[PDB]
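This report refers to the structure that appears directly beneath it.
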Amino acid sequence: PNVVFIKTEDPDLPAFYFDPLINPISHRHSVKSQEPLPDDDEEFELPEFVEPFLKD
Amino acid sequence: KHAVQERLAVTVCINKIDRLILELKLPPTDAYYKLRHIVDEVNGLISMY
Amino acid sequence: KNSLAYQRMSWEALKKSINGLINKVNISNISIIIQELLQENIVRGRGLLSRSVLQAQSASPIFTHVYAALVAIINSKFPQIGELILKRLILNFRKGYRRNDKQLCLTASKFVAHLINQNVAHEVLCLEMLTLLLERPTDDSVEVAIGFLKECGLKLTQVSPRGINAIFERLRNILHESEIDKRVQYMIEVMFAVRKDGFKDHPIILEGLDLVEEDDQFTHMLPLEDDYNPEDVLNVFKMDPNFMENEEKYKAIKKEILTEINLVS
């Protein structure tokens with residue numbers, strides 16, 4: 001499976017940084033989808049001790 | 001196509017996810033874009049069959 | 001009297017000839033037609049000069065670049081002229097859009113894209129135009145931003161690739177997480193087509209639409225929602241008590257401005 005690991009030009013722009021080299025995703029389809037979407041306004045709520053796993 | 005024409009259960013495991021991170025160097029939003037894309041393509045195709 | 005009849009004949013014959021040269025200006029006649037628009041005092045009728053330029057860039061999707069080359073010639077020299085034209089095309093673009101006139105919006109947006117590629121229009125107003133085009137993209141405004149970008153995806157990406165990446169993210173999300181149809185789907189596909197093609201189908205300015213030098217130009221920034229004005233009532237003439245004074249002055253401004261051995265072996 002061909003490996004595609006893209007050389008950077010400078011150190012500057014971030015580690016993850018969409019470069020022109022990758023082809024622009026632009027995924028297209030029909031009316032994309034809908035889900036068994038559990039709307040809020042019934043209820044759900046996060047006990048605020050669990051902020052995002054390593055946002056720090 | 002073969003699994004549809006023989007009516008089995010339909011499971012999908014997207015694998016090899018480091019190939020988006022270390023190999024691809026894709027920021028997370030467009031990472032999600034590609035993931036959603038694989039999902040929508042395979043789903044539309046199952047809708048085809 | 002005599003001076004009155006003279007100012008009236010001036011306005012009449014002058015405006016008619018300047019509009020002739022407006023519709024006549026060519027690329028093999030770019031500098032020639034611009035120097036004829038100078039041989040006539042185009043600033044004496046600066047309003048109807050902006051008006052002839054606007055009329056060309058609006059009613060001609062294919063001579064917007066030519067009206068633009070004239071605008072760049074006269075705008076690196078008299079920036080206020082292309083400036084009135086710019087405020088005008090902003091008025092016409094917000095006219096078409098905020099009144100839901102696809103054709104008017106497209107005309108004025110092609111004019112503004114020509115200005116941005118000529119470097120008489122600044123990138124923040126182009127950004128605001130793209131952003132107010134893609135805010136709630138349906139078929140019309142999606143095609144409006146994409147049509148602007150068909151010619152002006154180069155200049156924005158070359159002076160600030162930030163705008164190109166932002167446009168790609170916004171277009172991709174607004175068309176890839178939202179309910180749009182084959183129109184905006186294939187429109188995003190076309191946008192990505194130009195992008196990946198490297199703006200090779202539509203560079204900044206074809207031969208002869210940019211010859212003015214690096215810093216000898218004028219990119220004045222008058223934005224979209226800034227309460228600008230047309231100042232186009234100057235398309236109707238006006239009596240002149242300082243006609244002779246300002247005439248000598250502006251004519252002085254236009255004068256100051258111009259073996260068999262291979263065989264054998």
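Residue numbering restarts at 1 in every chain; chains get A, B, ... in the order shown in the structure tokens, and ligands count up from 1 in that same order.
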inquiry  = Taking only C-alpha atoms into account and nothing else, which residues of chain C lie no more than 10 Å away from chain B? Please answer as a PyMOL selection string.
reply    = chain C and resi 169+172-173+176-177
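The list of residues with at least one atom within 6 Å of range 17-33 of chain A, based on only C-alpha atoms and without residues fewer than 2 positions apart in the same chain, reads residues 14 and 15 of chain A; 26, 27 and 37 of chain B; 172, 179 and 185 of chain C.
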message = Select, as a list in words, those residues of chain B with any atom no more than 10 Å from chain A (distances computed using only C-alpha atoms).
response = residues 19, 20, 21, 22, 23, 24, 25, 26, 27, 28, 30, 31, 33, 34, 36, 37, 38, 40, 41, 43 and 44 of chain B
Those same residues, written as a CSV table (one decimal), in the first residue's frame with N, CA and C atoms?
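Now in part16.csv:
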chain,number,residue,atom,x,y,z
B,19,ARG,N,-3.0,6.5,9.6
B,19,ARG,CA,-2.8,7.0,8.3
B,19,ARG,C,-3.4,8.3,8.0
B,20,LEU,N,-4.3,8.7,8.9
B,20,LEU,CA,-4.8,10.1,8.8
B,20,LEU,C,-4.0,11.1,9.6
B,21,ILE,N,-3.3,10.6,10.6
B,21,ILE,CA,-2.7,11.4,11.6
B,21,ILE,C,-1.2,11.6,11.4
B,22,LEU,N,-0.4,10.5,11.4
B,22,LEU,CA,1.0,10.6,11.2
B,22,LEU,C,1.4,10.6,9.8
B,23,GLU,N,0.7,9.8,8.9
B,23,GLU,CA,1.0,9.7,7.5
B,23,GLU,C,0.4,10.9,6.7
B,24,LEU,N,-0.9,11.2,7.0
B,24,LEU,CA,-1.6,12.2,6.2
B,24,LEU,C,-1.4,13.6,6.6
B,25,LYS,N,-1.2,13.8,7.9
B,25,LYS,CA,-1.1,15.1,8.5
B,25,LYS,C,-2.4,15.9,8.2
B,26,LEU,N,-3.5,15.4,8.6
B,26,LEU,CA,-4.8,16.1,8.3
B,26,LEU,C,-5.3,16.7,9.6
B,27,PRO,N,-5.5,18.0,9.6
B,27,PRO,CA,-6.2,18.6,10.8
B,27,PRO,C,-7.5,18.0,11.0
B,28,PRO,N,-8.0,18.0,12.3
B,28,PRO,CA,-9.1,17.2,12.7
B,28,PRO,C,-10.4,17.4,12.0
B,30,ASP,N,-11.1,18.4,8.8
B,30,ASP,CA,-11.1,17.8,7.5
B,30,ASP,C,-10.8,16.3,7.6
B,31,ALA,N,-10.2,15.8,8.7
B,31,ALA,CA,-10.2,14.4,9.0
B,31,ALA,C,-11.6,13.9,9.2
B,33,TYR,N,-14.1,15.2,7.9
B,33,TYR,CA,-14.7,15.3,6.6
B,33,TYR,C,-14.5,14.0,5.8
B,34,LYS,N,-13.2,13.6,5.8
B,34,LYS,CA,-12.9,12.4,5.0
B,34,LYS,C,-13.6,11.2,5.6
B,36,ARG,N,-16.6,11.1,7.3
B,36,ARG,CA,-17.9,11.3,6.9
B,36,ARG,C,-18.1,10.9,5.4
B,37,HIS,N,-17.0,11.1,4.6
B,37,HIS,CA,-17.1,10.8,3.2
B,37,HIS,C,-17.1,9.3,2.9
B,38,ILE,N,-16.1,8.6,3.6
B,38,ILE,CA,-16.1,7.2,3.4
B,38,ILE,C,-17.4,6.6,3.8
B,40,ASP,N,-20.5,8.1,3.9
B,40,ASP,CA,-21.6,8.4,3.0
B,40,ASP,C,-21.4,7.7,1.7
B,41,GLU,N,-20.2,7.5,1.2
B,41,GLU,CA,-20.0,6.7,-0.1
B,41,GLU,C,-20.5,5.3,0.1
B,43,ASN,N,-22.4,4.1,2.2
B,43,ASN,CA,-23.9,4.0,2.5
B,43,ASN,C,-24.7,4.2,1.3
B,44,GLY,N,-24.4,5.2,0.5
B,44,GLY,CA,-25.0,5.4,-0.8
B,44,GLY,C,-24.9,4.2,-1.7
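Atom pair CA of residue 197 in chain C / CA of residue 126 in chain C has a distance of 21.4 Å (rounded to one decimal).
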message = With only C-alpha atoms as the counted atoms, please give the residues lying no more than 10 Å from residue 159 in chain C, apart from itself and same-chain residues fewer than 4 positions off, as a PyMOL selection string.
response = chain C and resi 122-123+154-155+163-164
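A straight line drawn from CA of residue 42 in chain B to CA of residue 12 in chain B is 9.4 Å long.
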